[PDB]
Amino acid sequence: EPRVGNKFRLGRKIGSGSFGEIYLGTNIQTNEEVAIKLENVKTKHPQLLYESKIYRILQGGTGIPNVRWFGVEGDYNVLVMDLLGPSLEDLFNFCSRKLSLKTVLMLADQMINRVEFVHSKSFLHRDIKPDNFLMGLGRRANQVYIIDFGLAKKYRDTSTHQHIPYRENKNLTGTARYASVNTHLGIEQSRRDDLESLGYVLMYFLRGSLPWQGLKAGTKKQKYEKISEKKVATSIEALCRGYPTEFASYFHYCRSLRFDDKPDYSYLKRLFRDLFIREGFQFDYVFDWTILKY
């Protein structure tokens, strides 16, 4: 019936996203199931072709899914890629919207690795949020993947490591709930902003909410300004109060980074790894959702 290229068949609409729609496809020769993403060639912000190129650059990294096929067919850009499992936001919901410290530290170790990897290939991700991390399937069920390079941008020359220049009057571009303060302020994002967003992601899991959720306003642009203000008004102490000191030190370190500094990812990982050991947890890969399903 409906085929993409002459190699995949399209099926169940397993969801969508900013670009457009997601379908469950099958390779015709092998019968392997794959994800098919379709984007109207008319859209205002096309991202599928750009992603196909970024995923080629990132290919082979741990937790980077593979692209199987890209092309324009009729009125759509079509991106076919590995099928993955539930997103961390999906699993956070399954887990009653609060995750154990043990789960948060097993996640942090992988997520910091995924960020360092993307940055090692000279890109910023720039939309770090729970929906953009997915668990793998079957045997890779314990591995965290990073997806959606639609907002990605190169921060340095891949040859010279000359960093992009500083800039200040930008439009706001993340997801407001996880965006860095500098992002709200219209400052050019760099490596430190990806790490500060990941810190918010981790505190959202650990605390169950962030203190700038559920703010009331009249329109998005007003709600966005309320969100920046509350972020600025929430001290690191207040955000991390009653949680291990390691999380405050994570934010202190992010705040210490200048625009072009290369982060010490080892240092951040070490904080959480030493905490994990000191708590006596076993590093098995038994996340809250893993224990819950059995």
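A residue's number is simply how far along the shown sequence it sits, counting from 1.
Averaged over Cα atoms, the B-factor as recorded in the entry is higher for 28-36 than for the other of 28-36 and 50-58.
Taking only CA atoms, the mean B-factor in the PDB entry is higher for 11-19 than for the other of 269-277 and 11-19. Residue-level inspection of the entry shows that, of 169, 190, 132, 100, 169 has the top Cα B-factor. Of the candidates 71, 211, 138, 150, the one whose C-alpha carries the top B factor in the deposited record is 138. Ranked within its chain, residue 44 lands in the highest third, by CA B factor from the PDB record. Sort the chain's modelled residues by C-alpha temperature factor and residue 239 lands in the lowest third, per the entry.
Per-chain ranking of the deposited C-alpha B factor places residue 77 in the middle third. In the PDB entry, a CA B factor belonging to the middle third of its chain's modelled residues is recorded for residue 90.
When the modelled residues of the chain are ordered by C-alpha B-factor, residue 120 sits in the middle third.
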